[PDB]
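Tertiary structure, described
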Amino acid sequence: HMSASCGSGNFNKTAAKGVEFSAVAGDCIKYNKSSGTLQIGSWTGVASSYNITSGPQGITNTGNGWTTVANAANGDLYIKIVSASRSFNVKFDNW
Ligand SMILES: OC[C@H]1O[C@@H](O[C@H]2[C@H](O)[C@@H](O)[C@H](O[C@H]3[C@H](O)[C@@H](O)[C@H](O[C@H]4[C@H](O)[C@@H](O)[C@H](O[C@H]5[C@H](O)[C@@H](O)[C@H](O)O[C@@H]5CO)O[C@@H]4CO)O[C@@H]3CO)O[C@@H]2CO)[C@H](O)[C@@H](O)[C@@H]1O
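Residues numbered from 1 in each chain as written, not as in the entry; some residues may be left out. Heavy atoms only, no water.

Method-wise, the PDB entry is recorded as coming from X-ray crystallography, at a reported resolution of 1.5000 Å.

1. A word on the site of the ligand
Stated precisely, the cut-off is as follows: Definition of nearness: a residue and a molecule or strand are near each other if at least one heavy atom of the residue lies within 4 Å of the molecule or strand. In protein, a polar contact requires one atom able to donate a hydrogen and another able to accept it; more generally it is a pair of N or O atoms within 3.5 Å, and residues adjacent in sequence count only if both atoms are side-chain atoms. Here the open area of atoms and residues is found with the Shrake-Rupley method and a 1.4 Å probe, where only the protein chains shown may cover a residue.
Neighbouring residues of the ligand: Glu20, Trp43, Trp66, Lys91 and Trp95. Side-chain polar atom of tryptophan 66 to an oxygen atom of the ligand: 2.9 Å apart, as the coordinates give it. Contact between the ligand and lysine 91: an oxygen atom at 2.9 Å from a side-chain N or O atom of the residue. Relative to its unbound accessible surface of 960 Å², the ligand loses 27% to contact with the protein.

2. Remarks on the state of the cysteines
Operational definition: For the purposes of this analysis, a disulfide is any pair of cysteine sulfur atoms at a distance within 2.5 Å. Helix and strand assignments follow DSSP, with helices taken as H or I runs no shorter than four residues and strands as E runs no shorter than two, numbered in order from the N terminus. Burial classification: accessible surface area is computed with a 1.4 Å probe over protein chains only, and a residue below 20% of its type maximum counts as buried, one above 50% as exposed, and the rest as partly exposed.
Under the counting rule described, the total for this entry stands at 1 disulfide. Here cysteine 6 pairs with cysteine 28 through a disulfide, and the sulfurs are 2.0 Å apart. What sets the handedness of the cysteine 6 and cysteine 28 disulfide is the S-S torsion sign, and at about 85 degrees it is right-handed. Taken together, the positions of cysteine 6 in the segment before β1 (13-14) and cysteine 28 in strand β3 (residues 28-33) put the pair 22 residues apart, joining distant regions of the chain. Take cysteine 6 and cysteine 28: they sit in the same class, and that class is buried.

3. Here we look at the packing of aromatic side chains
Stated formally: Pairing of aromatic rings covers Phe, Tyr and the six-membered ring of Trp, with a centre-to-centre limit of 6.5 Å; geometry is then stacked below 30 degrees between planes, edge-to-face above 60, and tilted otherwise.
What the rule picks out here adds up to 6 aromatic pairs. Ring geometry for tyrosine 31 and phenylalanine 92: centres 5.8 Å apart, planes at 80 degrees, overall edge-to-face. Taken together, the residues span a long stretch of sequence, with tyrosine 31 in strand β3 and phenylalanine 92 in strand β9 (residues 88-94) at a distance of 61 residues. Among the residues examined, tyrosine 31 registers a relative accessible area of 1% and is labelled buried. Ring centres of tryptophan 66 and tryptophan 95 lie 5.1 Å apart, and the angle between their planes is 80 degrees; this geometry places the pair in the edge-to-face category. One end of the pair, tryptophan 66, is in strand β7 (residues 65-69); the other, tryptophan 95, is in the segment after β9, with 29 residues separating them in the sequence. Judged by relative accessible area, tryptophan 66 falls into the partly exposed class, the value being 35%. Aromatic ring contacts, followed pair by pair, group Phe21, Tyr31, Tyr50 and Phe92 into a single cluster.

Right under this line is the structure:
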């Protein structure tokens, strides 16, 4: 239960715009969104869900395309991977 929160003091990975990386349930990802609307994409086929610290909660992705996340702030975002059955490749983007 310790360090279950996700934020600027305990993120374990940093995403680069448009660059896929291997992700697992429990990860806490830092991503800077400069402008536009956040997008979360994966093609591995593994369903996943996310909470953004101080932002949108219960985001889901099917593993077969992009999820658009309206109302995510610009700047540094901290995105917790709430659930996923196995490691999967994901990318964060914005447009
Ligand atoms: O990675 C392994 C995995 O890849 C699968 O392939 C994926 C691929 O990874 C994805 O990148 C690709 O997804 C693309 C989307 O289909 C497409 O909609 C989106 O396009 C964006 C575009 O990048 C963006 O610039 C654009 O913005 C404009 C705004 O809309 C305007 O309002 C604004 O005014 O101007 C900007 C331009 O400055 O928006 C569009 C949407 O409108 O781009 C994605 C890529 O960046 O999909 C592939 C699958 O379909 C592959 O299939 C798997 O095999 C593989 O394992």
